[PDB]
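Only one chain is shown below, in structure tokens, and it's the form deposited in one PDB entry.
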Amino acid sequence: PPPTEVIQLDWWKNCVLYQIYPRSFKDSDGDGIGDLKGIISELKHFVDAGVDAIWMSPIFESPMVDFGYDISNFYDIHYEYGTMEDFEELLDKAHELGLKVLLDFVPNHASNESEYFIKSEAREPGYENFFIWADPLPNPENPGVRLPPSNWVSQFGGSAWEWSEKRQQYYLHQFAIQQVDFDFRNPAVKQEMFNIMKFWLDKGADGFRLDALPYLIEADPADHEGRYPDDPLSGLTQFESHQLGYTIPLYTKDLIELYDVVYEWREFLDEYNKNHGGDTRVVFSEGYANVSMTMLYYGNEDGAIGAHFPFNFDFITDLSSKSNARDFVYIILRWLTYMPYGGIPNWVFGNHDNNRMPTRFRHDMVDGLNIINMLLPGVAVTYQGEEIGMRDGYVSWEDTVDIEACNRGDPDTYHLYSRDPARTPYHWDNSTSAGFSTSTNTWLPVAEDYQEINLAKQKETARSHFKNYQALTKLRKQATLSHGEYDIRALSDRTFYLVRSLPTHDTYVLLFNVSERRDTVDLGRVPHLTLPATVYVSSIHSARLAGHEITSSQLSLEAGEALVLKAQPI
């Protein structure tokens, strides 16, 4: 029977989404700082890699206390990365290449150097109630010692309440002191969020990645007899009252009210898309929360529709080099079991806040992990460097610039908190600073292994992480990956299969030995696999090359070894 026809999916339902960290991607001007002209000079890389969409970490005006997540002007570009003119040139050239471009929208908080905050702190009409402002807690026992409104702890260490001398009140900061929480019960705040998104959509952005959504809304003091209620204590003896972990964020995180805001954003975006046409503009949400609270981002049982998807962080939070094949299968099944009917699944192996994929797992697992990302149904998310297997760089206490490490850590402990090792400059080639910059003075130090692990080397050599990444993004054009069913089970503690299958179309099978030992499996146990079958992709140190025939039902895999087999249609 000739192959069945498939209906084309909207671009966002099966895109490869690549996360750029602009400060570390490409420095065009020799200051050791990545910039918009550098991204423009390398837009061709995304076409070459088979990436469909890029999301940039924040590039808006920022005092850089949290490297861009502390925004002083939501309507202009950070001078170190470029100008508004450079941003419009990036959108033009990305669009001319067929790429979608998403921006990082940071709705929870503004810089204390924003006009919003300067005006609010001065009680300017229209801005007085823009942020969460609170009087000290009544201290009847002992006045003249001022108490914060509650025991709430900041994500970056210390009290989430900061005293303003000028306003004689505390403001809330869930992040750095310099990151002030907006009041999302203020209709003027909600309108300003629509105004910001409309500004950037009108410039031509294809959508947003929405930062820190679990922290949008905190308890209304009207519900607690006019005080901010204390979060419960954890009881964990390793954390004192200034340390993140001391409290359970019952009154400060995952409040049901935050989802109404996200559903209002989607209604806004739907109307925008209806009134503008062209490619669907989308929102992807960031939030670390339990399965129930994460799936509420998609929408709810009463028919509300939220983000196009919430990010799936499961390969960051629940899988590591300690995981066996049964763990891999059980965690993969969690998103696919709990995601609502019609939801688009997505897979995230890394980001700028977490250790790099090959450091969390092992160096010999890079290809297997990139195959899982590309072969599971839905959307693959790649963090800058995963396409070449980059590793965490070494960063000394002296070179550490992450506010989280500087606030929570010291020269002995910093490494426990710092996100800097996942933010080291991208390895283009084996030239000075790995081709990231013409300067030796980079904003973070270049990882020592850049001579071994760089993009130019992997394009030159016959087998490489990059060549495997290219073969996998190319495979996603096949109807079996865009529309095919999936079947996933462990064959042993060491090896699992993933089968994509679609009647009249080729079958594709991942076999992956995630263990540190060899494993022999019976391919007779793999559904929809008729032999012989052809190796489409192999791990860079597999005995099997692309084009190799698998004829025997008994298969011995090395530690880390992964294969994609192409087999006849069912």
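Don't overthink the numbering: it's just position in the shown sequence, from 1. We call the rigid core the largest set of C-alpha positions that still match within 1.5 Å between the two forms.
Just so it is clear, the following notes concern the form deposited in another entry, a form of the same protein that is not shown.
Only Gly235, out of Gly278, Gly235, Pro125, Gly303, shows a C-alpha shift of 2 Å or more between the shown form and the other one on alignment of the rigid core. Fitting the two forms on the rigid core leaves the C-alpha of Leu416 displaced by at least 2 angstroms between the shown form and the other one.
Put the two forms on the same core and the Cα of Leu102 is off by less than 2 Å between the shown form and the other one. In this overlay on the rigid core, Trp397 has a C-alpha that sits 2 Å or more away from its partner position between the shown form and the other one.
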